[PDB]
Protein chains: 2
Amino acid sequence: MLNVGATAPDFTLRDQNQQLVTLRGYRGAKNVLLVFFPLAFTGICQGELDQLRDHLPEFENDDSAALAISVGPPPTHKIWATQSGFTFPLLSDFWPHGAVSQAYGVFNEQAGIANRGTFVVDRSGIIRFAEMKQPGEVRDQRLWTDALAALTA
Amino acid sequence: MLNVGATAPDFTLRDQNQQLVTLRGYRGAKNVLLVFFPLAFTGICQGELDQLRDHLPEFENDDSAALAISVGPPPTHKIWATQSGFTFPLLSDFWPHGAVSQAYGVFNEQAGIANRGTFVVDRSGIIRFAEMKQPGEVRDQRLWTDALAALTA
């Protein structure tokens with residue numbers, strides 16, 4: 001897993017509507033919270049993304065953007081997003097399979113899915129926060145807002 | 001949609017506990033926040049109401065009261081409220097179907113559901129804040145608290 005201080009691998013991925021989303025596009029404009037998750041329609045990250053949806057104003061505003069990423073293709077993310085109320089971007093690290101996840105050091109080579117890793121990328125494209133919690137343990141979202149809050153005022 | 005300056009159409013609707021709630025009952029006592037919503041058990045509605053829930057003291061206090069309104073019947077709002085931890089009123093604009101929603105000009109004729117209409121009704125019963133977003137769009141709740149604050153101090 002890339003650690004704090006590393007330049008964040010740039011990427012171009014399709015969101016749930018088949019639109020292209022590039023990390024570079026936020027450079028100089030917004031800090032970016034990257035939430036990698038293993039698989040759509042599973043218990044743990046459903047709860048995790050539900051928290052994100054419920055606190056969206058803290059993640060998607062004038063100073064911050066939030067991007068969820070997993071290896072699933074757009075149709076999968078669209079169905080789940082629509083059913084779950086995910087109005088933020090769910091990006092497909094689908095083909096190449098897990099290419100971005102591997103570059104961030106959060107890919108499970110054995111199962112073929114991304115681990116629950118989280119990073120905050122600043123306006124310079126530098127990783128300023130990196131998190132990877134133990135299995136079965138949900139991530140601390142108050143932590144993400146604190147991290148984001150430190151990169152503003 | 002009804003706009004600021006209009007008298008808010010009065011109503012008497014059943015809440016999730018089958019108790020009668022009438023809008024006029026708040027006149028001369030509290031400003032009322034009306035949050036219409038398309039349907040219970042849907043994603044974006046869940047997110048909006050979880051946000052309201054998470055910040056309830058800001059909408060339900062000495063100066064203000066909040067009522068969420070939808071076409072669903074009492075049983076439907078009761079289960080959703082209990083599972084979601086919603087302690088505020090959820091009113092049934094059920095039969096006649098969406099009559100109140102139609103009166104406020106926020107009823108979606110093709111789908112048979114209220115759109116995301118929000119209103120602030122002051123102590124005289126006049127609409128002081130109005131907005132209507134689509135079922136696929138998300139509302140900015142800061143606008144809600146801001147308008148409620150303007151009728152207080």
# chains A, B, ... in the order shown; residues from 1 in each chain; ligands from 1
call {"tool": "interface_residues", "arguments": {"of": "chain B", "to": "chain A", "cutoff": "7 Å", "atoms": "only C-alpha atoms", "output": "mmCIF file with C-alpha atoms, in the first residue's frame"}}
result
data_model
loop_
_atom_site.group_PDB
_atom_site.id
_atom_site.type_symbol
_atom_site.label_atom_id
_atom_site.label_comp_id
_atom_site.auth_asym_id
_atom_site.auth_seq_id
_atom_site.Cartn_x
_atom_site.Cartn_y
_atom_site.Cartn_z
ATOM 1 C CA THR B 42 -35.420 4.168 -1.571
ATOM 2 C CA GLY B 43 -31.787 5.177 -1.543
ATOM 3 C CA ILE B 44 -31.713 8.937 -2.017
ATOM 4 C CA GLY B 47 -29.846 9.528 2.650
ATOM 5 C CA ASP B 50 -30.774 10.039 7.641
ATOM 6 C CA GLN B 51 -29.199 13.508 7.308
#
call {"tool": "calpha_fit_and_write", "arguments": {"fixed": "chain A", "moving": "chain B", "output": "short mmCIF file (atom, residue, chain, number, x, y, z; two decimals) with N, CA and C atoms, in the first residue's frame"}}
result
data_model
loop_
_atom_site.label_atom_id
_atom_site.label_comp_id
_atom_site.auth_asym_id
_atom_site.auth_seq_id
_atom_site.Cartn_x
_atom_site.Cartn_y
_atom_site.Cartn_z
N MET B 1 1.00 -1.12 0.40
CA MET B 1 0.15 0.11 0.43
C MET B 1 1.02 1.36 0.30
N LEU B 2 0.56 2.35 -0.48
CA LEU B 2 1.29 3.61 -0.64
C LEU B 2 1.03 4.42 0.62
N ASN B 3 2.02 5.17 1.07
CA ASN B 3 1.83 5.94 2.29
C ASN B 3 1.88 7.42 2.02
N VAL B 4 1.54 8.21 3.04
CA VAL B 4 1.55 9.66 2.95
C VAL B 4 2.90 10.10 2.37
N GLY B 5 2.87 11.13 1.52
CA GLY B 5 4.09 11.63 0.90
C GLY B 5 4.27 11.19 -0.55
N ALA B 6 3.59 10.11 -0.92
CA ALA B 6 3.67 9.59 -2.28
C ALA B 6 2.76 10.33 -3.27
N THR B 7 3.18 10.34 -4.53
CA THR B 7 2.35 10.91 -5.58
C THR B 7 1.27 9.84 -5.81
N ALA B 8 -0.01 10.23 -5.80
CA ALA B 8 -1.11 9.29 -6.03
C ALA B 8 -1.13 8.90 -7.49
N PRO B 9 -1.05 7.60 -7.78
CA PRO B 9 -1.06 7.15 -9.19
C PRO B 9 -2.29 7.66 -9.94
N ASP B 10 -2.06 8.31 -11.08
CA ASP B 10 -3.17 8.84 -11.88
C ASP B 10 -3.94 7.71 -12.55
N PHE B 11 -5.20 7.98 -12.87
CA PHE B 11 -6.05 7.00 -13.52
C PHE B 11 -7.20 7.66 -14.24
N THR B 12 -7.81 6.91 -15.14
CA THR B 12 -8.97 7.37 -15.89
C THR B 12 -9.86 6.14 -15.91
N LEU B 13 -10.92 6.21 -15.13
CA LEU B 13 -11.83 5.07 -14.99
C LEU B 13 -13.26 5.40 -15.33
N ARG B 14 -14.04 4.40 -15.76
CA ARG B 14 -15.45 4.59 -16.09
C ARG B 14 -16.31 4.64 -14.83
N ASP B 15 -17.20 5.62 -14.72
CA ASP B 15 -18.08 5.64 -13.55
C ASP B 15 -19.30 4.78 -13.88
N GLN B 16 -20.29 4.76 -12.99
CA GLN B 16 -21.47 3.92 -13.18
C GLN B 16 -22.33 4.33 -14.40
N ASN B 17 -22.09 5.52 -14.92
CA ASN B 17 -22.84 6.01 -16.07
C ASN B 17 -22.01 5.91 -17.33
N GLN B 18 -20.88 5.21 -17.21
CA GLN B 18 -19.94 5.03 -18.31
C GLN B 18 -19.19 6.31 -18.68
N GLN B 19 -19.18 7.30 -17.79
CA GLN B 19 -18.45 8.54 -18.07
C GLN B 19 -17.01 8.41 -17.53
N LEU B 20 -16.07 9.03 -18.21
CA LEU B 20 -14.66 8.99 -17.80
C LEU B 20 -14.31 9.96 -16.68
N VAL B 21 -13.68 9.44 -15.64
CA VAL B 21 -13.26 10.24 -14.49
C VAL B 21 -11.76 10.04 -14.35
N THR B 22 -11.03 11.14 -14.36
CA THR B 22 -9.58 11.10 -14.23
C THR B 22 -9.22 11.84 -12.94
N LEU B 23 -8.35 11.23 -12.14
CA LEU B 23 -7.90 11.80 -10.89
C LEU B 23 -7.22 13.15 -11.05
N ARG B 24 -6.33 13.25 -12.04
CA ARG B 24 -5.60 14.48 -12.29
C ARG B 24 -6.51 15.68 -12.50
N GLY B 25 -7.71 15.45 -13.00
CA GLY B 25 -8.65 16.54 -13.20
C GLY B 25 -8.99 17.36 -11.95
N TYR B 26 -8.71 16.84 -10.75
CA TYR B 26 -9.00 17.55 -9.49
C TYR B 26 -7.79 18.34 -8.95
N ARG B 27 -6.63 18.13 -9.54
CA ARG B 27 -5.45 18.85 -9.08
C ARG B 27 -5.66 20.35 -9.20
N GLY B 28 -5.19 21.08 -8.19
CA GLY B 28 -5.31 22.54 -8.16
C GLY B 28 -6.72 23.02 -7.92
N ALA B 29 -7.63 22.10 -7.63
CA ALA B 29 -9.02 22.47 -7.40
C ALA B 29 -9.59 21.85 -6.14
N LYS B 30 -9.49 20.52 -6.00
CA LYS B 30 -10.04 19.87 -4.81
C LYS B 30 -9.21 18.73 -4.23
N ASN B 31 -9.33 18.51 -2.93
CA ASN B 31 -8.67 17.37 -2.28
C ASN B 31 -9.56 16.18 -2.64
N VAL B 32 -8.98 15.03 -2.96
CA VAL B 32 -9.80 13.88 -3.34
C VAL B 32 -9.74 12.72 -2.34
N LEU B 33 -10.92 12.24 -1.95
CA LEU B 33 -11.00 11.11 -1.02
C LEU B 33 -11.20 9.88 -1.89
N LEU B 34 -10.28 8.93 -1.80
CA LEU B 34 -10.37 7.69 -2.57
C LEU B 34 -10.78 6.58 -1.61
N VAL B 35 -11.91 5.96 -1.90
CA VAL B 35 -12.44 4.91 -1.06
C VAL B 35 -12.51 3.63 -1.88
N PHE B 36 -11.48 2.80 -1.78
CA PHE B 36 -11.52 1.55 -2.51
C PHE B 36 -12.42 0.63 -1.69
N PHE B 37 -13.03 -0.34 -2.35
CA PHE B 37 -13.86 -1.31 -1.65
C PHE B 37 -13.85 -2.62 -2.39
N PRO B 38 -13.97 -3.73 -1.65
CA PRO B 38 -13.96 -5.04 -2.28
C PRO B 38 -15.00 -5.33 -3.34
N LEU B 39 -16.28 -5.30 -2.97
CA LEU B 39 -17.32 -5.63 -3.94
C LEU B 39 -18.70 -5.01 -3.73
N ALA B 40 -19.37 -4.74 -4.84
CA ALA B 40 -20.71 -4.22 -4.76
C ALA B 40 -21.67 -5.35 -4.28
N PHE B 41 -22.76 -4.93 -3.66
CA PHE B 41 -23.78 -5.86 -3.17
C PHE B 41 -23.28 -6.71 -2.00
N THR B 42 -22.31 -6.22 -1.23
CA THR B 42 -21.91 -7.01 -0.06
C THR B 42 -22.27 -6.17 1.15
N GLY B 43 -22.44 -6.84 2.28
CA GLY B 43 -22.85 -6.16 3.49
C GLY B 43 -21.99 -5.04 4.06
N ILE B 44 -20.73 -5.31 4.35
CA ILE B 44 -19.91 -4.26 4.95
C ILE B 44 -19.72 -3.09 3.98
N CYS B 45 -19.56 -3.39 2.70
CA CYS B 45 -19.41 -2.33 1.71
C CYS B 45 -20.68 -1.48 1.68
N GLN B 46 -21.83 -2.13 1.80
CA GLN B 46 -23.12 -1.43 1.79
C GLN B 46 -23.15 -0.44 2.95
N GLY B 47 -22.77 -0.92 4.14
CA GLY B 47 -22.75 -0.08 5.32
C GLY B 47 -21.80 1.10 5.21
N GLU B 48 -20.61 0.86 4.69
CA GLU B 48 -19.66 1.94 4.56
C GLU B 48 -20.17 3.01 3.61
N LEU B 49 -20.65 2.57 2.44
CA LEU B 49 -21.14 3.52 1.45
C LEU B 49 -22.47 4.18 1.82
N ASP B 50 -23.29 3.51 2.62
CA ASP B 50 -24.54 4.14 3.07
C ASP B 50 -24.12 5.27 4.02
N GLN B 51 -23.06 5.04 4.79
CA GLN B 51 -22.57 6.06 5.73
C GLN B 51 -22.04 7.26 4.94
N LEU B 52 -21.33 6.97 3.86
CA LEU B 52 -20.78 8.05 3.04
C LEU B 52 -21.95 8.85 2.47
N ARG B 53 -22.93 8.12 1.95
CA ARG B 53 -24.14 8.68 1.36
C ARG B 53 -24.86 9.59 2.37
N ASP B 54 -25.00 9.08 3.59
CA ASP B 54 -25.69 9.80 4.64
C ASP B 54 -24.98 11.10 5.08
N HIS B 55 -23.69 11.18 4.80
CA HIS B 55 -22.88 12.33 5.17
C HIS B 55 -22.17 12.94 3.96
N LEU B 56 -22.72 12.71 2.76
CA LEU B 56 -22.07 13.18 1.53
C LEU B 56 -21.62 14.63 1.49
N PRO B 57 -22.44 15.58 1.98
CA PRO B 57 -22.00 16.99 1.94
C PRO B 57 -20.63 17.21 2.58
N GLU B 58 -20.23 16.30 3.46
CA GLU B 58 -18.93 16.39 4.13
C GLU B 58 -17.79 15.89 3.24
N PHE B 59 -18.12 15.11 2.21
CA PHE B 59 -17.10 14.56 1.33
C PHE B 59 -17.16 15.13 -0.09
N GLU B 60 -18.30 15.70 -0.44
CA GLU B 60 -18.51 16.25 -1.76
C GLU B 60 -18.97 17.70 -1.61
N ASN B 61 -18.02 18.63 -1.72
CA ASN B 61 -18.33 20.03 -1.56
C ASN B 61 -17.33 20.90 -2.30
N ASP B 62 -17.25 22.17 -1.92
CA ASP B 62 -16.34 23.11 -2.58
C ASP B 62 -14.85 22.76 -2.45
N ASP B 63 -14.49 22.18 -1.32
CA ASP B 63 -13.11 21.85 -1.04
C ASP B 63 -12.72 20.42 -1.31
N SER B 64 -13.71 19.52 -1.32
CA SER B 64 -13.46 18.09 -1.50
C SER B 64 -14.34 17.35 -2.51
N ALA B 65 -13.85 16.19 -2.95
CA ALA B 65 -14.58 15.30 -3.86
C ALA B 65 -14.26 13.88 -3.40
N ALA B 66 -15.19 12.95 -3.62
CA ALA B 66 -14.97 11.57 -3.19
C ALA B 66 -15.28 10.60 -4.32
N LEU B 67 -14.44 9.59 -4.46
CA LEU B 67 -14.60 8.61 -5.52
C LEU B 67 -14.50 7.23 -4.87
N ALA B 68 -15.50 6.37 -5.10
CA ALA B 68 -15.44 5.04 -4.52
C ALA B 68 -14.97 4.19 -5.70
N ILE B 69 -14.01 3.31 -5.44
CA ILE B 69 -13.41 2.46 -6.48
C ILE B 69 -13.45 0.98 -6.17
N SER B 70 -13.86 0.19 -7.16
CA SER B 70 -13.94 -1.25 -7.00
C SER B 70 -13.72 -1.98 -8.34
N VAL B 71 -13.51 -3.30 -8.28
CA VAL B 71 -13.29 -4.11 -9.49
C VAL B 71 -14.55 -4.38 -10.30
N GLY B 72 -15.71 -3.95 -9.81
CA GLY B 72 -16.93 -4.20 -10.58
C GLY B 72 -17.10 -3.32 -11.80
N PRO B 73 -17.78 -3.82 -12.85
CA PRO B 73 -18.02 -3.09 -14.10
C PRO B 73 -19.14 -2.06 -13.95
N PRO B 74 -19.22 -1.12 -14.90
CA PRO B 74 -20.24 -0.09 -14.87
C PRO B 74 -21.66 -0.51 -14.55
N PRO B 75 -22.19 -1.54 -15.23
CA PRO B 75 -23.55 -2.06 -15.02
C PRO B 75 -23.84 -2.46 -13.57
N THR B 76 -22.84 -3.09 -12.96
CA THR B 76 -22.92 -3.55 -11.58
C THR B 76 -22.99 -2.33 -10.64
N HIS B 77 -22.10 -1.37 -10.81
CA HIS B 77 -22.15 -0.20 -9.92
C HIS B 77 -23.39 0.66 -10.18
N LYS B 78 -23.86 0.69 -11.43
CA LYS B 78 -25.05 1.48 -11.81
C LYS B 78 -26.29 0.98 -11.05
N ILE B 79 -26.57 -0.32 -11.14
CA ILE B 79 -27.71 -0.91 -10.43
C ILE B 79 -27.59 -0.70 -8.90
N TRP B 80 -26.42 -1.02 -8.36
CA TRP B 80 -26.24 -0.88 -6.93
C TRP B 80 -26.43 0.58 -6.49
N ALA B 81 -25.87 1.51 -7.25
CA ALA B 81 -25.98 2.94 -6.96
C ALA B 81 -27.45 3.40 -7.02
N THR B 82 -28.17 3.03 -8.08
CA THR B 82 -29.56 3.44 -8.20
C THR B 82 -30.39 2.86 -7.05
N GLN B 83 -30.19 1.60 -6.72
CA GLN B 83 -30.97 0.99 -5.63
C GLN B 83 -30.60 1.56 -4.27
N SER B 84 -29.32 1.89 -4.10
CA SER B 84 -28.81 2.41 -2.84
C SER B 84 -28.91 3.93 -2.68
N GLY B 85 -29.24 4.65 -3.75
CA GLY B 85 -29.34 6.10 -3.66
C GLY B 85 -27.97 6.75 -3.59
N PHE B 86 -26.98 6.13 -4.22
CA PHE B 86 -25.61 6.68 -4.24
C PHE B 86 -25.50 7.66 -5.39
N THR B 87 -25.20 8.93 -5.09
CA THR B 87 -25.08 9.93 -6.15
C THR B 87 -23.63 10.30 -6.42
N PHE B 88 -22.72 9.71 -5.67
CA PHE B 88 -21.29 9.99 -5.85
C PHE B 88 -20.70 9.03 -6.88
N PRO B 89 -19.50 9.32 -7.38
CA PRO B 89 -18.99 8.37 -8.38
C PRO B 89 -18.49 7.03 -7.84
N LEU B 90 -18.83 5.95 -8.56
CA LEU B 90 -18.37 4.59 -8.27
C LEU B 90 -17.56 4.26 -9.52
N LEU B 91 -16.25 4.07 -9.37
CA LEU B 91 -15.39 3.81 -10.53
C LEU B 91 -15.04 2.33 -10.71
N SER B 92 -14.97 1.92 -11.98
CA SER B 92 -14.67 0.53 -12.37
C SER B 92 -13.20 0.24 -12.61
N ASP B 93 -12.58 -0.48 -11.69
CA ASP B 93 -11.18 -0.87 -11.83
C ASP B 93 -11.36 -2.32 -12.30
N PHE B 94 -12.08 -2.45 -13.42
CA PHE B 94 -12.50 -3.75 -14.00
C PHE B 94 -11.61 -4.51 -14.99
N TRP B 95 -11.14 -3.82 -16.03
CA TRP B 95 -10.27 -4.42 -17.04
C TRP B 95 -9.30 -3.38 -17.58
N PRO B 96 -7.98 -3.52 -17.28
CA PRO B 96 -7.36 -4.58 -16.47
C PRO B 96 -7.93 -4.67 -15.05
N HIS B 97 -8.12 -5.91 -14.61
CA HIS B 97 -8.68 -6.23 -13.32
C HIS B 97 -7.83 -5.77 -12.12
N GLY B 98 -8.33 -4.72 -11.44
CA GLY B 98 -7.71 -4.17 -10.25
C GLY B 98 -6.37 -3.49 -10.46
N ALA B 99 -6.11 -3.05 -11.68
CA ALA B 99 -4.85 -2.37 -12.00
C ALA B 99 -4.64 -1.16 -11.11
N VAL B 100 -5.63 -0.28 -11.01
CA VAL B 100 -5.48 0.91 -10.16
C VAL B 100 -5.28 0.49 -8.70
N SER B 101 -6.06 -0.49 -8.26
CA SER B 101 -5.96 -1.02 -6.90
C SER B 101 -4.55 -1.54 -6.66
N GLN B 102 -3.98 -2.21 -7.66
CA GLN B 102 -2.60 -2.71 -7.54
C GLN B 102 -1.59 -1.54 -7.40
N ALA B 103 -1.82 -0.47 -8.16
CA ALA B 103 -0.94 0.71 -8.16
C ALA B 103 -0.90 1.41 -6.80
N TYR B 104 -2.02 1.39 -6.08
CA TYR B 104 -2.08 2.01 -4.79
C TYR B 104 -1.63 1.05 -3.69
N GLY B 105 -1.35 -0.19 -4.06
CA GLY B 105 -0.90 -1.16 -3.07
C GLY B 105 -1.98 -1.69 -2.13
N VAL B 106 -3.24 -1.65 -2.58
CA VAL B 106 -4.36 -2.12 -1.80
C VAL B 106 -5.14 -3.26 -2.48
N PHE B 107 -4.48 -3.98 -3.38
CA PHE B 107 -5.12 -5.08 -4.07
C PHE B 107 -4.85 -6.40 -3.34
N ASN B 108 -5.91 -7.16 -3.09
CA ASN B 108 -5.81 -8.47 -2.43
C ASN B 108 -5.63 -9.55 -3.53
N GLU B 109 -4.37 -9.94 -3.73
CA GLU B 109 -3.96 -10.91 -4.74
C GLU B 109 -4.67 -12.27 -4.74
N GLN B 110 -4.92 -12.81 -3.56
CA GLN B 110 -5.57 -14.10 -3.47
C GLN B 110 -7.05 -14.04 -3.86
N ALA B 111 -7.76 -12.99 -3.43
CA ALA B 111 -9.20 -12.88 -3.74
C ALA B 111 -9.60 -12.13 -5.00
N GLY B 112 -8.70 -11.33 -5.55
CA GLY B 112 -9.01 -10.58 -6.75
C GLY B 112 -9.90 -9.37 -6.53
N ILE B 113 -9.77 -8.74 -5.36
CA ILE B 113 -10.57 -7.56 -5.01
C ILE B 113 -9.71 -6.54 -4.28
N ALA B 114 -10.10 -5.27 -4.36
CA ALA B 114 -9.39 -4.24 -3.64
C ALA B 114 -9.71 -4.46 -2.16
N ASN B 115 -8.74 -4.20 -1.28
CA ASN B 115 -8.98 -4.31 0.15
C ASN B 115 -9.66 -2.97 0.49
N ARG B 116 -9.93 -2.71 1.76
CA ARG B 116 -10.56 -1.43 2.15
C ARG B 116 -9.50 -0.34 2.30
N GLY B 117 -9.01 0.13 1.16
CA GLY B 117 -7.98 1.15 1.18
C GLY B 117 -8.66 2.50 1.05
N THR B 118 -8.13 3.50 1.77
CA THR B 118 -8.68 4.86 1.72
C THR B 118 -7.49 5.80 1.61
N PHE B 119 -7.62 6.83 0.78
CA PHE B 119 -6.55 7.80 0.59
C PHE B 119 -7.12 9.20 0.46
N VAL B 120 -6.35 10.18 0.89
CA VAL B 120 -6.76 11.55 0.66
C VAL B 120 -5.63 12.06 -0.23
N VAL B 121 -6.00 12.65 -1.36
CA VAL B 121 -5.01 13.18 -2.31
C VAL B 121 -5.19 14.68 -2.30
N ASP B 122 -4.13 15.43 -2.00
CA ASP B 122 -4.28 16.88 -1.94
C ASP B 122 -4.26 17.51 -3.32
N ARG B 123 -4.33 18.84 -3.37
CA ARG B 123 -4.37 19.56 -4.63
C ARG B 123 -3.12 19.47 -5.50
N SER B 124 -2.02 18.99 -4.92
CA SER B 124 -0.76 18.85 -5.69
C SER B 124 -0.66 17.42 -6.18
N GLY B 125 -1.58 16.58 -5.69
CA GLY B 125 -1.59 15.18 -6.09
C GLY B 125 -0.83 14.25 -5.17
N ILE B 126 -0.39 14.76 -4.02
CA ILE B 126 0.36 13.98 -3.03
C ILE B 126 -0.60 13.29 -2.07
N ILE B 127 -0.29 12.06 -1.65
CA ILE B 127 -1.16 11.35 -0.69
C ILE B 127 -0.93 11.96 0.70
N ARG B 128 -2.00 12.40 1.36
CA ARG B 128 -1.87 13.02 2.68
C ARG B 128 -2.49 12.20 3.81
N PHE B 129 -3.17 11.11 3.45
CA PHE B 129 -3.83 10.19 4.39
C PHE B 129 -3.94 8.86 3.66
N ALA B 130 -3.57 7.78 4.34
CA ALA B 130 -3.62 6.43 3.76
C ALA B 130 -3.92 5.40 4.83
N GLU B 131 -4.69 4.38 4.48
CA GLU B 131 -5.02 3.31 5.41
C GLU B 131 -5.51 2.15 4.58
N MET B 132 -5.34 0.95 5.09
CA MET B 132 -5.84 -0.20 4.39
C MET B 132 -6.29 -1.19 5.43
N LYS B 133 -7.60 -1.42 5.46
CA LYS B 133 -8.16 -2.38 6.38
C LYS B 133 -8.60 -3.57 5.53
N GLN B 134 -8.83 -4.71 6.17
CA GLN B 134 -9.25 -5.93 5.48
C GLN B 134 -10.71 -5.94 5.08
N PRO B 135 -11.07 -6.78 4.09
CA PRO B 135 -12.47 -6.83 3.67
C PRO B 135 -13.43 -7.18 4.80
N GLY B 136 -12.92 -7.84 5.85
CA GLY B 136 -13.77 -8.19 6.97
C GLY B 136 -13.84 -7.10 8.04
N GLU B 137 -13.00 -6.09 7.91
CA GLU B 137 -12.94 -5.01 8.89
C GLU B 137 -13.71 -3.78 8.44
N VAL B 138 -14.04 -2.90 9.38
CA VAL B 138 -14.80 -1.69 9.09
C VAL B 138 -13.95 -0.44 9.33
N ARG B 139 -14.12 0.56 8.49
CA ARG B 139 -13.33 1.79 8.61
C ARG B 139 -13.98 2.87 9.49
N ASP B 140 -13.15 3.73 10.06
CA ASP B 140 -13.60 4.85 10.90
C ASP B 140 -13.59 6.09 9.99
N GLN B 141 -14.77 6.49 9.55
CA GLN B 141 -14.93 7.60 8.63
C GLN B 141 -14.63 8.98 9.21
N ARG B 142 -14.46 9.05 10.53
CA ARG B 142 -14.12 10.31 11.21
C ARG B 142 -12.70 10.67 10.78
N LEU B 143 -11.89 9.64 10.55
CA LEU B 143 -10.51 9.85 10.12
C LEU B 143 -10.52 10.49 8.74
N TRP B 144 -11.51 10.10 7.94
CA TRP B 144 -11.62 10.63 6.59
C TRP B 144 -11.92 12.14 6.61
N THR B 145 -13.01 12.52 7.28
CA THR B 145 -13.39 13.91 7.38
C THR B 145 -12.29 14.72 8.09
N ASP B 146 -11.67 14.15 9.13
CA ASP B 146 -10.58 14.86 9.82
C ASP B 146 -9.41 15.23 8.90
N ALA B 147 -9.00 14.29 8.04
CA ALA B 147 -7.90 14.53 7.12
C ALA B 147 -8.32 15.55 6.04
N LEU B 148 -9.58 15.49 5.62
CA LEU B 148 -10.08 16.42 4.61
C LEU B 148 -10.14 17.81 5.21
N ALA B 149 -10.46 17.88 6.49
CA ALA B 149 -10.55 19.17 7.19
C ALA B 149 -9.18 19.84 7.33
N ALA B 150 -8.13 19.02 7.48
CA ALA B 150 -6.77 19.54 7.65
C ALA B 150 -6.18 20.16 6.40
N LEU B 151 -6.77 19.86 5.25
CA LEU B 151 -6.29 20.40 3.98
C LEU B 151 -7.17 21.58 3.54
N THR B 152 -8.07 22.00 4.44
CA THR B 152 -8.99 23.10 4.18
C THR B 152 -8.68 24.31 5.06
N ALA B 153 -8.79 24.12 6.37
CA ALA B 153 -8.54 25.20 7.33
C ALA B 153 -7.40 24.86 8.28
#
call {"tool": "select_by_dssp", "arguments": {"residues": "chain A", "states": "strand (DSSP E)", "output": "MDAnalysis selection string"}}
result
chainID A and resid 12:14 20:22 31:36 64:70 90:92 107:108 113:114 117:121 127:132
call {"tool": "select_by_dssp", "arguments": {"residues": "chain A", "states": "helix (DSSP H, G or I)", "output": "ChimeraX atom specification"}}
result
/A:23-26,43-54,56-58,74-84,99-103,141-150
call {"tool": "decode", "arguments": {"residues": "stretch 32-43 of chain A", "atoms": "N, CA, C and O atoms", "output": "mmCIF file, in the first residue's frame"}}
result
data_model
loop_
_atom_site.group_PDB
_atom_site.id
_atom_site.type_symbol
_atom_site.label_atom_id
_atom_site.label_comp_id
_atom_site.auth_asym_id
_atom_site.auth_seq_id
_atom_site.Cartn_x
_atom_site.Cartn_y
_atom_site.Cartn_z
ATOM 1 N N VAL A 32 -9.056 14.890 -2.828
ATOM 2 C CA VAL A 32 -9.871 13.751 -3.222
ATOM 3 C C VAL A 32 -9.814 12.560 -2.277
ATOM 4 O O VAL A 32 -8.750 12.070 -1.957
ATOM 5 N N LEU A 33 -10.984 12.090 -1.849
ATOM 6 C CA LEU A 33 -11.028 10.917 -0.980
ATOM 7 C C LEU A 33 -11.291 9.708 -1.890
ATOM 8 O O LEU A 33 -12.295 9.662 -2.609
ATOM 9 N N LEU A 34 -10.375 8.748 -1.867
ATOM 10 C CA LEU A 34 -10.482 7.549 -2.668
ATOM 11 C C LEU A 34 -10.881 6.395 -1.757
ATOM 12 O O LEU A 34 -10.138 6.014 -0.847
ATOM 13 N N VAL A 35 -12.045 5.821 -2.000
ATOM 14 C CA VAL A 35 -12.498 4.724 -1.167
ATOM 15 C C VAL A 35 -12.512 3.450 -2.002
ATOM 16 O O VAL A 35 -13.417 3.215 -2.811
ATOM 17 N N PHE A 36 -11.483 2.626 -1.834
ATOM 18 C CA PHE A 36 -11.463 1.374 -2.579
ATOM 19 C C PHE A 36 -12.352 0.375 -1.810
ATOM 20 O O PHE A 36 -12.427 0.389 -0.573
ATOM 21 N N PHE A 37 -13.056 -0.488 -2.531
ATOM 22 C CA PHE A 37 -13.883 -1.463 -1.829
ATOM 23 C C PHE A 37 -13.860 -2.772 -2.651
ATOM 24 O O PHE A 37 -13.685 -2.746 -3.869
ATOM 25 N N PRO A 38 -13.998 -3.929 -1.986
ATOM 26 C CA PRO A 38 -13.943 -5.179 -2.760
ATOM 27 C C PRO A 38 -15.011 -5.496 -3.790
ATOM 28 O O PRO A 38 -14.726 -5.554 -4.994
ATOM 29 N N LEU A 39 -16.238 -5.683 -3.320
ATOM 30 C CA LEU A 39 -17.311 -6.067 -4.213
ATOM 31 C C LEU A 39 -18.642 -5.447 -3.907
ATOM 32 O O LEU A 39 -19.071 -5.394 -2.744
ATOM 33 N N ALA A 40 -19.296 -4.990 -4.974
ATOM 34 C CA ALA A 40 -20.633 -4.430 -4.878
ATOM 35 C C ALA A 40 -21.534 -5.551 -4.328
ATOM 36 O O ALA A 40 -21.213 -6.743 -4.450
ATOM 37 N N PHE A 41 -22.646 -5.144 -3.719
ATOM 38 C CA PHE A 41 -23.646 -6.045 -3.123
ATOM 39 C C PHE A 41 -23.181 -6.907 -1.944
ATOM 40 O O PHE A 41 -23.727 -7.992 -1.728
ATOM 41 N N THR A 42 -22.185 -6.449 -1.189
ATOM 42 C CA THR A 42 -21.747 -7.190 0.000
ATOM 43 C C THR A 42 -21.941 -6.337 1.250
ATOM 44 O O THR A 42 -21.887 -5.098 1.210
ATOM 45 N N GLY A 43 -22.160 -7.021 2.365
ATOM 46 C CA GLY A 43 -22.420 -6.368 3.638
ATOM 47 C C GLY A 43 -21.558 -5.244 4.186
ATOM 48 O O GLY A 43 -22.086 -4.180 4.538
#
